[PDB]
RNA sequence: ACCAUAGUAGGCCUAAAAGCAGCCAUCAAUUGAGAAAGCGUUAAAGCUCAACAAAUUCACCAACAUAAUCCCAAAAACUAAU
RNA sequence: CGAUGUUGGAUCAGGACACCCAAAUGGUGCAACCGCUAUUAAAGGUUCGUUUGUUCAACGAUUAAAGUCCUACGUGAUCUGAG
Ligand SMILES: [Mg+2]
Ligand SMILES: [Mg+2]
Ligand SMILES: [Mg+2]
Ligand SMILES: [Mg+2]
Ligand SMILES: [Mg+2]
Ligand SMILES: [Mg+2]
Ligand SMILES: [Mg+2]
Ligand SMILES: [Mg+2]
Ligand SMILES: [Mg+2]
Ligand SMILES: [Mg+2]
Ligand SMILES: [Mg+2]
Ligand SMILES: [Mg+2]
Ligand SMILES: [Mg+2]
Ligand SMILES: [Mg+2]
Ligand SMILES: [Mg+2]
Ligand SMILES: [Mg+2]
Ligand SMILES: [Mg+2]
Ligand SMILES: [Mg+2]
Ligand SMILES: [Mg+2]
Ligand SMILES: [Mg+2]
Ligand SMILES: [Zn+2]
Ligand SMILES: [Zn+2]
């Protein structure tokens, strides 16, 4: 049993890792790239 | 498999669910008289 | 047992006793890409020129 | 030929007396005789105090939690004093003197037997808390240049930010969190107890919103 | 040559080149400035 | 029209017959099968039966 | 196209520039409103190392790359096309775009190993003797990461490390 | 300490687009819930086990009909992560006493009164 | 060569087993189902 | 890439402080150059930056070795996948 | 704990490189020789004696070198019993 705050990054539970992966940020991607757009 | 397609079409997820493959009597006498009903 | 049934040859030099047994040839799983010189001139001309190089530039 | 631009002029900035950092004590004048339990709540979670500029225009922003002791204080003080301009720049502390005691046991002692002996004192710092705030009639490039070394030498990750930089990063974070595409978010799932995830999660996660894990803070996790 | 994790130019004549899969700070005026990214 | 590796899908294009022609062909096929059944030119029959 | 001609006649060197006729762009692009050449010809997220006819349009006869300020491509497509040209050259495409060395073609070496979708240089990668276990595995990179945005008709992501 | 989870009332405030997305009537709420237990109660708290027991969902993948009252809605909210809930649909109306033996429940969420006529 | 200290899924240093796309899709499906449930449990 | 001239060694202490151990002022000439932002001399001298005149792709941070019997399924960037 | 025989040595050594030599190089406050560091490379070697049971330790003579470790700080169904 480790403490709540540790130095070794405290590897998370598998369910928490899945939750983090699902809740990862998704930037809005436009249909057409505006750089070379008119 | 193919459960989502059956669910969209309205059939049961399993072909054994309330389909004609199970509700109908699976056999009958050669004379045409009805067979005894199934326990299931 | 199934490895003993396998025959591997570095090149297209197969003994006749093995050649006489072949039935069919399986298709290649990967399509070999063409080289630039292997493309026909009609296809090269059909493919459009995307950009126009300036005349003043030197290659 | 290049176009000239007006140089920002600092006329409303007055340098106070003793612009250099004040000397700090490893042990306070009144030592704590009673040993205290090492609470980790003073590090876990975002910082509540010293989160905004008071009089300066630049600061050392900590992106994680940690402990700052007399060695770190001396390093920061000496570096800032030797790399600052006393005539045009001034600095100020944002963290207090080391007060939380740390107990240690000598090598060869088996587990138990009571609490150890107070070895040194440390100051807890949370993520988002300023450490040193500087001001003056100077630009942002040189202060960032000579404060990045201090930020790197700090235990927790840190940056040499300004008012404009802090505003820019906070606005970018808000914009990202409001234009995030996936309908599922950590805060929403934690609040709604979706999938029964409260069993795996912690009560502090409802406030941390998945941005804080232990003492580590990830600003890119919305 | 000095093997380092971070390479920085010690003068204006040092140039950074990617060779053999690594980064190299090469200096001709001061040969002591030869740095190799590990 | 430019022709690249990813310009076209990597599968041959499929063209389906017109619905009217398909219905007529199906009618012809079912009529032929019905004529075969009536003439009794089938020797042996197998059946998949649920029981 | 400009060519430099040098003439030697009795301790006299004459250096001259000669301008030749050059091909022009096709009259009808599918998207004339696009500023970028590829982005206006609708070849974005379409080309690859296999498409040699597009990669050969703007490259030096010795296999060198062409400046973006002269080509006109956007930065991302310029980098992607540079990667594709490097991959094709390493794989063995563009056989006629190599320098002509009369002295070096006689001493033949070991036969060129067939390769494709090569990311790094052949002479700069050390073999992986450890290869890693299941959880920590040193995967072998294949293809350029700049081509991960190409259209996938099957829909499966392109494995860039295997 | 891991205890019961309070669910704020903001979660159960439907958006205008939710009705169109889920095929619900914005004006009149449905009358009966069809609940089906998807996940197991193992590795789940004992209070959730007791709720699933008192809701009559012991057998998984077997639909059960319940009222649309807040008294049962509270328990459904408590164990909402283990069940699928659908609105009961009656295209042919409530079955009478003469059609009790000829009824059926289609998987789409509707109750057919006349099933397998001859 | 590469050993996992302690037990495989207990100690401070655990197996670095990552999350898969199948797991992500399953979690998304479960979240959608629960969102529909909590919508139906609103009125 | 492109070049670097003028009051002037600005005024004080110091054997010397000439942009450069230090302190105070920080003006003014040529369209165009700071009593000088880095090297260098005991002090100089001398070598670079920014200022004009010549063009003008983009250019802020981010890369990090290792143990012992023998590495460890093989492999695969596109035929349609809620 | 219904036994995993416990230090040093004798014999045999296996392996790692965080290399002592032997090999190829870079920088040096590298003019040359002696030197100081930095990289790669482990197919091969890494002495003989006095005192101490000694591992260590100090000393004598050399060598191109008398390297650091793991191996139940290797090896007692191979040995030695000084502690
Ligand atoms: Mg615990
Ligand atoms: Mg740090
Ligand atoms: Mg183990
Ligand atoms: Mg473990
Ligand atoms: Mg003037
Ligand atoms: Mg200049
Ligand atoms: Mg090393
Ligand atoms: Mg024992
Ligand atoms: Mg025993
Ligand atoms: Mg025994
Ligand atoms: Mg040996
Ligand atoms: Mg080595
Ligand atoms: Mg040597
Ligand atoms: Mg050896
Ligand atoms: Mg030991
Ligand atoms: Mg032993
Ligand atoms: Mg022994
Ligand atoms: Mg014996
Ligand atoms: Mg033995
Ligand atoms: Mg004895
Ligand atoms: Zn240099
Ligand atoms: Zn473009």
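Relative contact order of chain H, please, whole-number percent, based on alpha carbon pairs below 8 angstrom and at least 6 residues apart. Numbers along the way, then the final one.
On the way: 124 pairs, mean separation 27.9, N = 118.
Once normalised by length, the contact order is 24 percent.
Kindly put D:3, H:41 in sequence by how many other C-beta atoms sit within 10 Å of each C-beta, fewest to most. Numbers along the way, then the final one.
On the way: D:3 4, H:41 19.
Listing D:3, H:41 from fewest to most nearby Cβ atoms yields D:3, H:41.
Region D:1-147: Rg/Rh from Cα coordinates, Kirkwood Rh? Before the final figure, lay out the partial values.
Values: Rg = 19.7 Å, Rh = 17.8 Å.
Reported Rg/Rh, Kirkwood definition of Rh: 1.10.
By how many degrees, between 0 and 90 and to the nearest 10, does the Cα long axis of helix I:21-40 differ from the longest principal axis of chain I?
The two axes meet at around 30 degrees.
Under a point spin-label approximation (7 Å from Cα along Cα-to-Cβ), what is the residue C:9-residue D:171 distance to one decimal in nm?
The modelled label-to-label distance comes out at 7.4 nm.
Considering the zone a paramagnetic label at residue E:9 would reach in this model (a point 7 Å from Cα along the Cα-to-Cβ line), which residues of region D:131-166 have amide N under 20 Å from it?
Correct set: D:142, D:145-146.
Using only Cα atoms, tell me the angle between helix G:75-91 and the longest principal axis of chain G; keep it within 0 to 90° and round to the nearest 10.
Between the helix axis and the principal axis of chain G, the angle is about 90 degrees.
Which distance in Å, rounded to a whole number, links the C-alpha centroids of region G:88-162 and region H:50-95?
59
Please give the residues of chain A, grouped as numeric ranges, whose backbone N is less than 12 Å from a label point set 7 Å along the Cα-to-Cβ vector of residue I:12.
Zone members listed by number: A:1-3, A:6-11.
Have a look at the DSSP beta bridges in chain G and tell me what percent are antiparallel, nearest 5.
Bridges in chain G that DSSP calls antiparallel: roughly 100 percent.
Listed highest first by mean packing, meaning other Cβ atoms within 10 Å per residue, what order do C:4-16, D:125-137 come in? Write out the running numbers ahead of the final one.
On the way: C:4-16: 6.8, D:125-137: 23.2.
Ranked from most to least packed, the peptides come out as D:125-137, C:4-16.
Before anything else, pin down the relative contact order of region D:2-222: Cα pairs under 8 Å, at least 6 apart, normalised by residue count, whole percent. All intermediate terms of the calculation are to be shown ahead of the outcome.
Working: 329 pairs, mean separation 64.6, N = 221.
That works out to 29 percent.
I need the Kirkwood Rh of chain G: take the reciprocal of the average 1/r across all distinct C-alpha pairs and report it in angstrom.
Here the Kirkwood hydrodynamic radius works out to 19.5 Å.
What FRET efficiency do you get for residue A:26 and residue B:1 if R0 is 30 Å and r is their Cβ-Cβ distance, rounded to the nearest 0.05?
Values: r = 30 Å, r/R0 = 1.00.
Here the calculated transfer efficiency is 0.50.
Given axes a ≥ b ≥ c from the Cα gyration tensor, I'd like to know whether chain C is rounded (a/c under 1.5), prolate (a/b larger than b/c) or oblate.
Numbers: a/c = 3.97, a/b = 3.62, b/c = 1.10.
Taking the square roots of the gyration eigenvalues as a ≥ b ≥ c, chain C is prolate.
In units of 2.2 N^0.38 Å, what is the alpha-carbon radius of gyration of region D:1-60?
Values: Rg = 21.1 Å, N = 60, 2.2 N^0.38 = 10.4 Å.
In units of the globular-protein estimate, region D:1-60 measures up at 2.02.
Compute the separation of the alpha-carbon centres of region B:1-28 and region G:1-19 and state it in Å as a whole number.
First find each Cα centre; the distance between them is then 87 Å.
Express the relative contact order of chain G as a whole percentage, based on alpha carbon pairs under 8 Å and six or more residues apart in sequence.
It comes to 17 percent, rounded to a whole number.
Mind telling me which of D:188, D:163, D:44 comes out most flexible in a GNM of chain D, alpha-carbon contacts under 10 Å?
D:188
On a 0 to 90 degree scale, rounded to 10, what angle separates helix F:19-39 from the longest Cα axis of chain F?
30
Say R0 is 41 Å: what FRET efficiency, to the nearest 0.05, do residue G:21 and residue C:28 get from their beta-carbon distance? It would help to have the intermediate numbers written out before the result.
Numbers: r = 42 Å, r/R0 = 1.02.
Once the sixth-power term is evaluated, E becomes 0.45.
At a Förster radius of 30 Å, what calculated FRET efficiency corresponds to the Cβ-Cβ distance of residue G:123 and residue C:59, to the nearest 0.05? Numbers along the way, then the final one.
Details: r = 27 Å, r/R0 = 0.91.
The pair residue G:123/residue C:59 has a calculated efficiency of 0.65.
Please work out the C-alpha center-to-center distance from region G:42-57 to region D:98-147 and express it in whole Å.
57
What are the semi-axes of the equivalent ellipsoid for the protein assembly as shown, taken as the square roots of 5 times the Cα gyration tensor eigenvalues, largest first, in whole Å?
Each semi-axis is the square root of five times an eigenvalue, giving 59, 53, 29 Å.
In what sequence do H:7, H:69 fall when counting other Cβ within 10 Å, fewest first?
Values: H:7 17, H:69 9.
Ascending Cβ contact count within 10 Å gives the list H:69, H:7.
As a convention, Cβ positions derive from the backbone with ideal geometry for all residues, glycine included, and neighbour counts pool all protein chains shown. Here, each number is a calculation from the coordinates, and none is a lab measurement.
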